[PDB]
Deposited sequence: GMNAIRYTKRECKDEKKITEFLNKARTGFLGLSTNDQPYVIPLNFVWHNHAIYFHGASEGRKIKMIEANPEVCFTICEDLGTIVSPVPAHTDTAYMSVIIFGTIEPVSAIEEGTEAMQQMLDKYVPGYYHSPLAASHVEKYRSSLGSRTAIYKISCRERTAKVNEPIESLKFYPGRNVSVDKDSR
């Protein structure tokens, strides 16, 4: 039931893959995504078309769950998602990603931002 803000941040900076949970009606949908943790927020680059985007336009309340090694730590982030229009925020977040992953989603894409309303972390046995 962890609460060490530096450990979590380190984890959120290193973790490669996160799982975005959406729902319209009572029908959940969970997809893996590359992401960066920046500001007090999760950003990812994504095609601005698809099931994920229909659901978001319908219901921007989302969940983002990350879980990995360095016993297992898992973080869950609740908040609301929205596409980024701020050019510089958008550009920072993109550079932050290349730096993270590299130190076609093709036609029409955008940067998306989940504002961290609530966050919970846990360390787990097996």
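Visitor: Taking the deposited sequence as numbered from 1, list the residue ranges that were left without C-alpha coordinates.
Guide: Gaps vs deposited seq, in order: 1 to 10, 81 to 93, 127 to 143, 167 to 185.
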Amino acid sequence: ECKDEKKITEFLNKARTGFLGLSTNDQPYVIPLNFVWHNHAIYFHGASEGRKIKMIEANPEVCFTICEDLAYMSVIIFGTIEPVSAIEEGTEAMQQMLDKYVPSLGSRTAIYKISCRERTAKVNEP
From here on, numbers count along this sequence of modelled residues.
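Visitor: Have a look at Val36, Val30, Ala71, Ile77 and flag the one whose Cα has the highest B-factor in the entry.
Guide: Out of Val36, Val30, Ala71, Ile77, the record gives the largest C-alpha B-factor to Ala71.
Visitor: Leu12: which third of its chain by C-alpha temperature factor?
Guide: For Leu12, the deposited C-alpha B-factor lands in the middle third.
Visitor: By the recorded C-alpha temperature factor, relative to the other modelled residues in its chain, which third is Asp26 in?
Guide: For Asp26, whose C-alpha B-factor we compare with every modelled residue in the chain, the answer is the highest third.
Visitor: C-alpha B factor of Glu82, ranked within the chain: lowest, middle or highest third?
Guide: Middle third by C-alpha B-factor.
Visitor: Using the B-factors in the PDB entry, rank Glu61's C-alpha atom against the chain and give the third, lowest, middle or highest.
Guide: Bottom third by C-alpha B-factor.
Visitor: Relative to the other modelled residues of the same chain, rank the CA B-factor of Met97 and answer lowest, middle or highest third.
Guide: Highest third, going by the recorded CA B-factors of the chain.
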